[PDB]
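Q: In the authors' numbering, the protein residues as written are 33 to 352.
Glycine included, every Cβ here is placed at the ideal spot set by N, Cα and C.
Structure in structure tokens, see below.
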Ligand SMILES: [Ca+2]
Ligand SMILES: [Ca+2]
């Protein structure tokens, strides 16, 4: 029984909509421009041209809250600079325990559906339950913001809306610190590392962190200040949070090489250097080992040697 955000009671509201034969519309975060934004996503912006609020039940004949589990592939960033949040959610899915906390199970578009969903966040120094109606920003029938690789899955889009709600609007989520999201999802201790001054046992730190199910994210801070959000020649994006999803050692040409796996919340655009999906290095590794690690697929997830990682990336964040 978490603390009810703004006093909105999920069960009561759902029950009331059901009895009144209507679907929920949230007075605290209504389907209007003010929930979208105030400037770049404000009512007078071309970025919001053609945006229409629609429920999944208005979009598809068989919408689903969760399809084939709530995993990181269900996190594909939309037209919003909230990679910090999205990278946190992706990592969150790697910890069943915390995942079930944030995303209450038992929600669907079938039995008991009334156009209302809820999520729990660590806010105001406590666990809070936040509700939202399922009206989502769309353009041409497709979700404008976060969406799942599964076109009929909506749990991540609804979770992102709930986070947008407590912050005031989707635009309020434009640009941020991955650690803030980690905290808002765990209430745990966050710590960051300057990769240019990486500890000698940082890889070891990463290993145990991943083992315990901690949340890890990394990013690249470039010189250019007046710009934000942009890729490079090495196909990496700056000021963009990536979820660190694994850390494994392999035998290359007869020796131990420390590798690290991460995922771009865009769900696409990957590193093309050593150890990339179709890189040459995978040929000089025993089939078994490379069969269990390498995956050829444009999914935004890829491996890098730990050596290249600490050179290319500048910041690493870990939640407890
Ligand atoms: Ca899924
Ligand atoms: Ca990949």
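Less than 8 Å between the CB of residue 141 and some heavy atom of ligand 2, yes or no?
A: no
Q: Which residue from 246, 144, 121 puts its Cα closest to that of residue 350?
A: 246
Q: Less than 9 Å between the beta carbons of residue 296 and residue 270, yes or no?
A: no
Q: Does ligand 2 have a heavy atom nearer than 8 Å to the CB of residue 329?
A: yes
Q: Write down the C-beta distance between residue 133 and residue 155 rounded to the nearest angstrom, noting that I regard them as a contact closer than 8 Å.
A: The pair is not a contact, with the Cβ atoms about 13 Å apart (cut-off 8 Å).
Q: Terminal residues of the continuous beta strand (DSSP E) containing residue 251?
A: 247–251
Q: Could you tell me if residue 332 is buried or exposed, where buried requires 16 or more neighbouring beta carbons within 10 angstroms of its beta carbon?
A: Under this definition residue 332 is a buried residue.
Q: Which residues share a DSSP beta bridge with residue 263?
A: Under DSSP, residue 263 forms a beta bridge with 269.
Q: Does the structure place the segment 212–224 close enough to the segment 176–190 that three or more beta carbon pairs sit under 8 Å?
A: Contact between the segment 176–190 and the segment 212–224 is absent, because fewer than three Cβ pairs lie under 8 Å.
Q: Would you call the segment 94–110 in contact with the segment 257–264, where contact means no fewer than 3 C-beta pairs closer than 8 Å?
A: no
Q: With distances taken between CB atoms, is the gap from residue 294 to residue 329 smaller than 9 Å?
A: no
Q: Could you check if residue 309 belongs to the surroundings of ligand 2, using beta carbon to heavy atom distance under 8 Å?
A: yes
Q: Tell me which same chain residues have a C-beta within less than 6 Å of the C-beta of residue 341, skipping the five on either side of it?
A: If we look at residue 341 and ignore the five residues flanking it on each side, its Cβ neighbours are 292.
Q: State the DSSP-derived secondary structure class of residue 277, mapped to helix, strand or coil.
A: strand
Q: Does the segment 125–140 come within contact of the segment 233–250, defined as at least 3 CB pairs closer than 8 Å?
A: yes
Q: Measuring straight from C-alpha to C-alpha, what distance separates residue 184 and residue 99?
A: 8 Å
Q: Please find out if some non-hydrogen atom of ligand 2 comes closer than 8 Å to the beta-carbon of residue 215.
A: no
Q: Here's a check: name, in chain order, each residue in its chain whose Cβ is nearer than 7 Å to the Cβ of residue 92, leaving out the five neighbours to either side.
A: In the same chain as residue 92, and ignoring 5 residues on each side of it, the C-beta atoms closer than 7 Å to its own belong to 184, in chain order.
Q: Pick out whichever of 174, 172, 186, 200 has its Cα sitting closest to the Cα of residue 166.
A: Of the candidates 174, 172, 186, 200, the one whose C-alpha sits nearest the C-alpha of residue 166 is 186.
Q: Residue 210 and residue 117: beta carbons closer than 9 Å?
A: yes
Q: Among all residues, which have a Cβ less than 7 Å from at least one non-hydrogen atom of ligand 1, and in what chain order do they fall?
A: 98, 99, 100, 101, 102, 103, 105, 106, 180, 182, 185
Q: What is the rounded straight-line gap between the Cα of residue 197 and the Cα of residue 267?
A: Here the alpha carbons of residue 267 and residue 197 stand approximately 33 Å from one another.
Q: Report yes if the C-beta distance between residue 203 and residue 70 is below 9 Å; otherwise report no.
A: yes
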